[PDB]
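Shown below, as structure tokens, is a lone chain in the form deposited in one PDB entry; questions about how it binds or moves come after it.
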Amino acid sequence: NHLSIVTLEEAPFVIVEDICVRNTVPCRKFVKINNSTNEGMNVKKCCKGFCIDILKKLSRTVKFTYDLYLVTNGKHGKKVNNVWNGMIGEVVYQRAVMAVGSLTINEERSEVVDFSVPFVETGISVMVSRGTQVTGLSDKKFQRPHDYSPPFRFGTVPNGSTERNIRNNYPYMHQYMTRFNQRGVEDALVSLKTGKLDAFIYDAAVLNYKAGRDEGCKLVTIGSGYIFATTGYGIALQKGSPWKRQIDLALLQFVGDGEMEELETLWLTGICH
């Protein structure tokens, strides 16, 4: 009844601070001595944010206690040569019973972990400067960029699931856009705002959050109806976990009764439209 749970910092879903008090919960982080050793120190941190508030509600509703820790090998979860790292890895290799955070439900992961119902919608979205007109990832402007002059300047953050999806579904688009690879989201926002980039293709929940709080409300996302590969963030559990049904029912109860919306208002909804 007391559970090992893993998370990962990604504001505003999981925000990590030094030590707890207030709306925070304790979370430990194994911090390495250097990059040539496995030796390290457990450090006390405090965690808060959208997914942490969900966890607090689940612990209460589903009646469990937990020890929360931050993942240290990789991020959300990537399968390299059939070996998982990140939060998915922690669950797969039974170091955690549950993973909580901005964790995208997909087929590859669902083969090795169980997911709860989605608690936040996401997928592949597009962000542009206000005034630019595109429909979504499947727009011909993206699929056949040289059909236009000048061609659209657009990129994503490489090496993750967004790139992988585009590579699989739109091979020419993938080939074209690598020249506009962005190091991270923050770099991409600046590129858009300074006219160095026309569109940034990325995770919908993240782009919605960034657009919601952009300074001057100059950045815009497509409508949710044009999100490609719609899915959600979900809680990952061990395959055949006894906790899945009650976690599923609780999340559906939270959504149905307005609790999820007030969490969204609290953490995700920005001043812009």
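In this text, residue numbers run from 1 along the sequence as written. The term rigid core refers to the most C-alpha atoms you can superpose between the two forms while keeping them within 1.5 Å.
There is also a form deposited in another entry; it is not shown, and the following applies to it.
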Rigid core superposed: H174 CA moves 2 Å or more between the shown form and the other one = yes
Determine whether the C-alpha of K218 shifts by 2 Å or more between the shown form and the other one once the rigid core is superposed.
-> yes
Say whether the C-alpha atoms of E264 and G225 sit closer together or farther apart in the other form than in the form shown here, given that their separation changes by 3 Å or more.
-> closer
Are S224 and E107 closer or farther apart at the Cα level in the other form than shown, by 3 Å or more?
-> farther
